[PDB]
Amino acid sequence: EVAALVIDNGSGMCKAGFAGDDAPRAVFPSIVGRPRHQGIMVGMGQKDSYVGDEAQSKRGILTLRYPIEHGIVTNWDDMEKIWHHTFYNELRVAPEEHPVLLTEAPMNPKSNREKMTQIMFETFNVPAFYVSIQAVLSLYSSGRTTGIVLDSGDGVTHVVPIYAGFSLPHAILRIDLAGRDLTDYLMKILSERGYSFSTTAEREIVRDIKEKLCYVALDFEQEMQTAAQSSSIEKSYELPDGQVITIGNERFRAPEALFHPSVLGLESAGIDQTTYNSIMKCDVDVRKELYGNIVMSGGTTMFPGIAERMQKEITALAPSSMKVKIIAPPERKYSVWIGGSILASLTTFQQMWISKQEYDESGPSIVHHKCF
């Protein structure tokens, strides 16, 4: 029939597409831009709002805003503009014609979940709706019903233990350090090497250096000095201006903040310790399966060496007899979205949607149990 629409609203990037597709058709920055002074002509800022890539490219004349902070919607007017844009300009379909599956961050407040439900039914007039926890979709994507998902995105990093299909809320832990923080951190240490990056285009360069040259060191200490005595770890980066530069140890120093947030004046356990902490809050019978199914999702887990470093660190914290296994799907930047695409395409899911009729009779508060 009519494909369901699947949208994963990341703090940094929105992934949108049609259920049944193997990947999101549209992946764009979760930004809403508005003219500081709107015009009456082409190229002057005639539209009352811009979303995504366009808002980004028209930086010079717009005021950009991010309605999602740490995976939580904090500006509903702006969120609705992103959603409107997503349906009509990105997917190019009217929402009233399709079931819509949205994702949410672990531990998303109940008021937010109901507001989202209300907007979808009352504003976009969707015929069917469902909301899924991001980490759970990633777990399904990996072909499992049990595991502990480490989802490090742009805005937040969550550790979510899931047993037999159900997350264990009491054990979910959040680390308030993610990709945005890493880019800013690389921007600082690169700056202290004698280079300059402070504007958004410059920051975008640093983000590019982060996603292309950075890596997680297996043993930080020994790695450091291996850059001290050699130029074995140095790679050259060709700037947009032609000028070429050399990134050295900043390559592994930046992502190291994931293991030691202290480097950002942040007093929080790193991702390895937090994964152990979460597993420890779970029932014994479940821990063995969690240790054996540590699933990585999110762009910030894309750093080469991260799985090898997590395997080592977790092995050291777990009992010696414990089989520890780290699963890092190559497609983990889209794991959440793919999980949603699969879920919404299942013949068996067709009775799971909250209907318009149901919403009409019981309202938005039905979302919590309906999407449990």
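A residue's number is simply how far along the shown sequence it sits, counting from 1.
Peer 1: As stated in the PDB record, which stretch has the larger average Cα B-factor, 197 to 205 or 136 to 144?
Peer 2: Comparing averages over the C-alpha atoms only gives 197 to 205.
Peer 1: Comparing 312 to 320 with 325 to 333, where is the mean C-alpha B-factor higher?
Peer 2: So the stretch with the higher mean C-alpha B-factor is 312 to 320.
Peer 1: In terms of CA temperature factor as recorded, identify the highest of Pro99, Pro240, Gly292, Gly153.
Peer 2: When the deposited C-alpha B-factors of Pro99, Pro240, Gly292, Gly153 are compared, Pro240 is largest.
Peer 1: Highest Cα B-factor in the deposition, which of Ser278, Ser231, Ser111, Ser297?
Peer 2: Answer for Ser278, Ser231, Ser111, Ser297: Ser231, with the highest C-alpha B-factor.
Peer 1: Split the chain's modelled residues into thirds by Cα B-factor; is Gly265 in the lowest, middle or highest one?
Peer 2: Highest third of the chain for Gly265's C-alpha B-factor.
Peer 1: Among all modelled residues of this chain, ranked by Cα B factor, put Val367 in the bottom, middle or top third, i.e. lowest, middle or highest.
Peer 2: Bottom third by C-alpha B-factor.
Peer 1: Looking at the C-alpha B-factor of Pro67, is it in the lowest, middle or highest third of its chain?
Peer 2: It belongs to the middle third of the chain when residues are ordered by C-alpha B-factor.
Peer 1: Quick check on the deposited entry: does the C-alpha B-factor of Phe121 sit in the lowest, middle or highest third of its chain?
Peer 2: It falls in the middle third of the chain.
Peer 1: Taking only the Cα B-factors deposited for this chain, tell me whether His84 sits in the lowest, middle or highest third.
Peer 2: Its C-alpha B-factor belongs to the lowest third of this chain's values.
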